[PDB]
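Scroll down for the structure; my scribbles are underneath it.
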Amino acid sequence: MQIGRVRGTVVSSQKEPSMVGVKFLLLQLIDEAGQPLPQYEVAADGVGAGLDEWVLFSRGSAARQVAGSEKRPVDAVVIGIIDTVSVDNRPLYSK
Amino acid sequence: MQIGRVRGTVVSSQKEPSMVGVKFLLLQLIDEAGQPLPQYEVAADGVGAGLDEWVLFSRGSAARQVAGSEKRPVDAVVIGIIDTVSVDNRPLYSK
Amino acid sequence: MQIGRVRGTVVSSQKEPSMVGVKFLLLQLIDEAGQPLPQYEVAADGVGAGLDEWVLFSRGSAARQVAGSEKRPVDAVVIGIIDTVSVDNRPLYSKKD
Amino acid sequence: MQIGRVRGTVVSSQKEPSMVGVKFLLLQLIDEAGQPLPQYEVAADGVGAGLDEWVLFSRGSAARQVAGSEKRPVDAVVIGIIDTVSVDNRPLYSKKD
Amino acid sequence: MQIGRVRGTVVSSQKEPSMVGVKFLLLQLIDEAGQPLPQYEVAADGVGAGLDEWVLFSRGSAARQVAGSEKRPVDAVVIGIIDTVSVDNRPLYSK
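Residue numbers (the deposited numbering), protein chains in the order written: chain D, 1 to 95; chain C, 1 to 95; chain E, 1 to 97; chain B, 1 to 97; chain A, 1 to 95.
Set out below in structure tokens:
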């Protein structure tokens, strides 16, 4: 999994029918030190993360494991909103 | 998923027979700021995307989840044509 | 698999229900020369790895193979704490040291 | 999928028995401008591609989807020999040239 | 698949029980002339590769296709020891 910051949304009307009703969040990757990286991922979000929240996300077939997604062509998923990250027994991030 | 721009087409006549009927789009990767990247992906397209359109695409076994591709050796798929990308409540891209 | 060093933990209370009970470790990538890299991975850990320990971790659907995780949306898993790494029949890493 | 150029073959006699019969091609990655990259992949070839031909290839479990490969430990597969690549409706690559 | 040079072994005693009995080889990624690349992989080896030998290895769920590993959390596997790499119909590596 990687840590991402919610930066926005992607909307698509003409799409594979299996993807109807799925919310797409634009996530900015965060590095080991809590700072933005230029990389991004667009991920399905069934949890409900808002702008600027940190999330844990997974890539690959992991994205199909959430209820309803077993046969969706989805390769990235938000699995949780992050409350805390600690590094070397000190807080890096606290929501 | 990542964002790509449709830049062209790949044609193959001598190929695995399980790949017959798949249209191959050449996608140019788009970065966090809506800027073209030197990276590309060739993806199966069952949505019907044309030149210069922005698309959301998935990689890996996600590509086999679309009806008719369950046992094709495909590892990238166009899942939707993008209408809008919003960042921090402002438009980055609008079709 | 890759080698990672345990640098910390990630906690999430609002998450996919399948993920309840899973401990998340922040891993720093270690290279083939035993040096840390500016890359990280957050992995599920059911083996009890502690801070500063080196671990072997797997990515992708490998993460779902451990009993309990078959239908979890996890893509990285700690599979063991490393005791030794040898290169060219010589010690590179020894936990006991 | 990515585009690769066929550079040669890899031969292995001592190998997992499930891999018997599989031809291994060394592929050099091609970039967005049709130029060779330092990166490579070794792919199973059931299509029959020759030296310097451009191919499309897939990675991951995609490689297991062709007849005979369902339970093979293969993670890269040649899926087609490329005849043409177009960009902006104009040729970038034509096999005939 | 890619080409690795066997450089060492990794030993782990505190581990997932499914993984007991698996030999872990430290592989240095190399190109076809044997030049080191800045990547490595720790791979399951059921073939029996020794130090400095060249091997073909696979990543991902491919590693679970070997008998005995169907339900192991393994994501890299040695599939064979390399005898020759021919380029432009000329031998570049010979064992």
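Just so you know, even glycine gets a beta-carbon here, dropped at the ideal spot from N, CA and C.
| query | result |
| --- | --- |
| How about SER18 (chain C): is its C-beta nearer than 8 Å to some C-beta of chain D? | no |
| Could you tell me how far apart the beta carbons of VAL85 (chain C) and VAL77 (chain C) are, in whole angstroms, since I believe they sit closer than 8 Å? | About 19 Å; that fails the 8 Å criterion. |
| Assuming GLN28 (chain D) and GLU32 (chain C) are in contact, meaning their beta carbons sit under 8 Å apart, how far apart are those beta carbons, in whole angstroms? | 6 Å |
| Pull out every residue of the region 53-65 of chain B whose Cβ sits closer than 7 Å to any Cβ of chain C, in chain order. | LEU56, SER58, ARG59, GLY60, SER61, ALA62, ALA63 and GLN65 |
| Mind checking if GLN2 (chain A) is an interface residue toward chain E, Cβ cutoff 8 Å exclusive? | no |
| With DSSP run on the structure shown, which of helix, strand or coil describes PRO38 (chain D)? | strand |
| Give a yes or no on whether the minimum CB-CB distance between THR9 (chain A) and chain E is below 8 Å. | yes |
| Considering Cα atoms alone, identify which of D:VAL22, D:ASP52, D:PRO17 and D:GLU70 is closest to residue 96 (chain D). | Past the edges of chain D, shown from 1 to 95, lies residue 96 (chain D), and the structure says nothing about it. |
| By alpha-carbon positions, which one of A:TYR93, A:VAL20, A:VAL55 and A:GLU16 ends up nearest to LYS15 (chain B)? | A:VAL55 |
| Unbroken beta strand (DSSP E) runs of length 3 or more, entirely within the region 52-87 of chain D: which are they? | 54-59, 76-81 and 84-87 |
| With 8 Å as the threshold, decide whether the Cβ of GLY80 (chain A) is near any Cβ in chain B. | yes |
| So what does DSSP say about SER18 (chain A), is it helix, strand or coil? | helix |
| Compare the C-alpha of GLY46 (chain A) against each of A:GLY68, A:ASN89 and A:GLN39 and name the closest. | A:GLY68 |
| For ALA49 (chain B), which residues in chain A fall below 9 Å Cβ to Cβ? | By Cβ distance, chain A contributes nothing, its closest Cβ being about 14 Å from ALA49 (chain B), past 9 Å. |
| Give the range of the beta strand (DSSP E) segment to which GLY48 (chain D) is assigned. | No beta strand (DSSP E) contains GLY48 (chain D), which DSSP labels as neither H nor E. |
| Using a Cβ-Cβ cut-off of less than 9 Å, give me the residues of the region 29-40 of chain C that come near chain D, in sequence order. | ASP31, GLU32 and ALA33 |
| Let me confirm a value: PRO73 (chain B) is counted as buried when at least 16 other C-beta atoms fall within 10 Å, else exposed. Which label applies? | buried |
| Using three-state DSSP, classify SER12 (chain A) as helix, strand or coil. | strand |
| Between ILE81 (chain D) and the rest of its own chain, which residues show a CB-CB distance below 7 Å, the 5 nearest in sequence each way excluded? | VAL47, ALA49, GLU53 and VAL55 |
| Please work out which residues of its chain come closer than 6 Å, Cβ to Cβ, to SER18 (chain D), disregarding the five sequence neighbours upstream and downstream, and give them in chain order. | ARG72 |
| Tell me, please, whether the CB atom of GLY46 (chain B) is closer than 8 Å to any CB atom in chain C? | yes |
| Taking 8 Å as the threshold (C-beta atoms), are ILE30 (chain C) and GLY4 (chain C) in contact? | yes |
| Pull up the distance between the alpha-carbon of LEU37 (chain C) and that of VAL6 (chain C), whole angstroms please. | 13 Å |
| What number of angstroms, rounded off, separates the C-alpha of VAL87 (chain A) from the C-alpha of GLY60 (chain A)? | 27 Å |
| Taking only the alpha-carbon atoms, compute the straight-line gap between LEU26 (chain E) and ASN89 (chain D) and give it to the nearest angstrom. | 12 Å |
| Taking the beta carbon of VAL20 (chain C) as the centre, do at least 16 other beta carbons fall within 10 Å, making it buried, or is it exposed? | exposed |
| Check the Cβ of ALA76 (chain A) against every Cβ in chain E and list those closer than 7 Å, keeping chain order. | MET1 |
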